[PDB]
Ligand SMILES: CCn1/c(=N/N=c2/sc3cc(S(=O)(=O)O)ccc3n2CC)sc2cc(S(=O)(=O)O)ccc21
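Next up is one chain by itself, shown in structure tokens, the form solved without the named molecule.
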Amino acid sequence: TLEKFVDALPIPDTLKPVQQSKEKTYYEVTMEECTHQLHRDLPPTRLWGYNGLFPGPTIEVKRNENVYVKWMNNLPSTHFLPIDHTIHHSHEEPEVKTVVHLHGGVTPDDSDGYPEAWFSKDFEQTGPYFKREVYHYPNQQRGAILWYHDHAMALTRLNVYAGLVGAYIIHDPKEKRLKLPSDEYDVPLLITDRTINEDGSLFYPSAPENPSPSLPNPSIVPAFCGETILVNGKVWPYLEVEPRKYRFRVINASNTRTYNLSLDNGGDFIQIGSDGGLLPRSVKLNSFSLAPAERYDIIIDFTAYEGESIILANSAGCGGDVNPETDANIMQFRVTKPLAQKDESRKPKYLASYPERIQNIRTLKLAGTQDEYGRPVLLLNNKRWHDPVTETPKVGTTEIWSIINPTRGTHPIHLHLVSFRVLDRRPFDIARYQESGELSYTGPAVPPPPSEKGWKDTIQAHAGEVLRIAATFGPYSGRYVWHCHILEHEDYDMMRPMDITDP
């Protein structure tokens, strides 16, 4: 049992380009097995990290900066986490496959990290949709918090759990005039839950509880809940802050876990941004939900709290009620850093302008069948990944997607390429829907909360509700994906191709 708040929060260094001109910025990032200490009292942990770091280096770019990243695999030929060879069928494929997805990137399709565009060490073998070694990110999109992570077919949950996550921030110079906290007062917080063995090794389950002797071994599990919470690669850390305003880029980089965050003194956050950038107006919040892959861009004002220790707390359980001594804690702010200068930052109310013909309305069901071993296989609209593509929006057109969730839990649905607006949620009769396919509403539609009135790319589709979103598909055409971002679901098999067409 690990003592909370004994290690300082690491802040990943910002990556430096290999080459840079006015016309092009070129980066190199190599996936490496590495070892890092995750807590004062733990032996160092074997991890996989981008440039050997966990989290990977923060990448900072400007809006419209012409950026290239050569993501390279220099990993061992065998995994250290348990592979289930039964969940995917294919010559010999390598055991360790990787591909990097820039989550939220407005990105040409062959640079988006398609799950079948994977590569092994030194690109020796490549998947059937691989086109290029050096990914192109034109960054023609709103300032926002993005993040990058592995997306390889049938291995995403393992490769991400291993450590392959990092932040990517797009800065729009037109927002500088808002005077939001910046530089050292603008800090990413990548939250990852983990279970760690006494010898410092990562624990990831090789089977569910009570496995039959015919269940494959290893077997995928449908959800993972870590015993410990890390921020920026350290267990239950502390951060010393100045008594002033900070901006935090809060990223949920966990496999399954949803957080519900608050400050233990009852203090408020100010939300300034969602996945897709600044909200139209700042939103004062006492708490917020944060499902896998969601980002909240927030201001915490420590001005009136000098000397205090304030816990970033969590009320959401994972596989049970939250434990006050463990997963109810994220990190600890200590307002004990002297002011380096006057706080000239602002927490303005007016942040951005607010968020068209409906070409199509797609009705989509979240469901799942059972495999020959009795395991649940989670599916989008009862199709497998490999089935012919059905979500085929036309480029430059707007659609409404109506996501029906008759399952017992929330699924955070992510669409690549685009960000979208949230229209509403509406409860329905689950038994009736399961029995007949008939959708009968048991309540009026509810508009999104203020947090969800801007632009999103990953959205909680709660149980027994229809969620409606609207997106304009573009600016690129090509082969992308949409999926549940619970990685244990994604990999078996809650992920579908999404082809944006250009007739």
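Residue positions are given as counts along the sequence shown, with the first one as 1.
Heads up, the form solved in complex with the named molecule isn't pictured, but that's what we're talking about next.
- If you drop the named molecule in as it sits in the entry with it bound, superposing on the site C-alphas, does this form leave room, or do 3+ ligand atoms land within 2.4 Å of backbone or C-beta atoms? Check passed, pocket reads open.
- Message: Each of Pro108, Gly143 and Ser274 within 4.5 Å of the named molecule in the entry with it bound, by any heavy atom, yes or no?
- Response: None of them does, since no heavy atom lies within 4.5 Å of the partner.
- Query: Pick from 130-138, 311-319, 235-243, 176-184: which stretch has a heavy atom within 4.5 Å of the named molecule in the entry with it bound?
  - Reply: So the stretch in question is 311-319.
- in the entry with it bound, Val395 touching the named molecule (heavy atom, 4.5 Å): No.
- Item | Partner proximity in the entry with it bound: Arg157 to the named molecule, non-hydrogen atom cutoff 4.5 Å | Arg157 lies outside the contact set for the named molecule.
- Query: Can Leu279 be called a contact residue for the named molecule in the entry with it bound at 4.5 Å between heavy atoms?
  - Reply: Close contact is absent here: in the entry with it bound, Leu279 is far from the named molecule, nothing within 4.5 Å, heavy atoms only.
- Even though the named molecule is not shown here, does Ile169 get within 4.5 Å of it in the entry with it bound, heavy atoms only? No.
- Heavy atom within 4.5 Å of the named molecule in the entry with it bound: which of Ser289, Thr126, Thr410, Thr326? Only one option qualifies, and that one is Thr410.
- Task: Scan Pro211, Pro76, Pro82, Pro376 and let me know which has any heavy atom within 4.5 Å of the named molecule in the entry with it bound.
- Result: Answer to the contact question: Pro376.
- Query: Which of the residues spanning 470-493 lie within 4.5 Å of the named molecule in the entry with it bound, based on heavy atoms?
  - Reply: Just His489.
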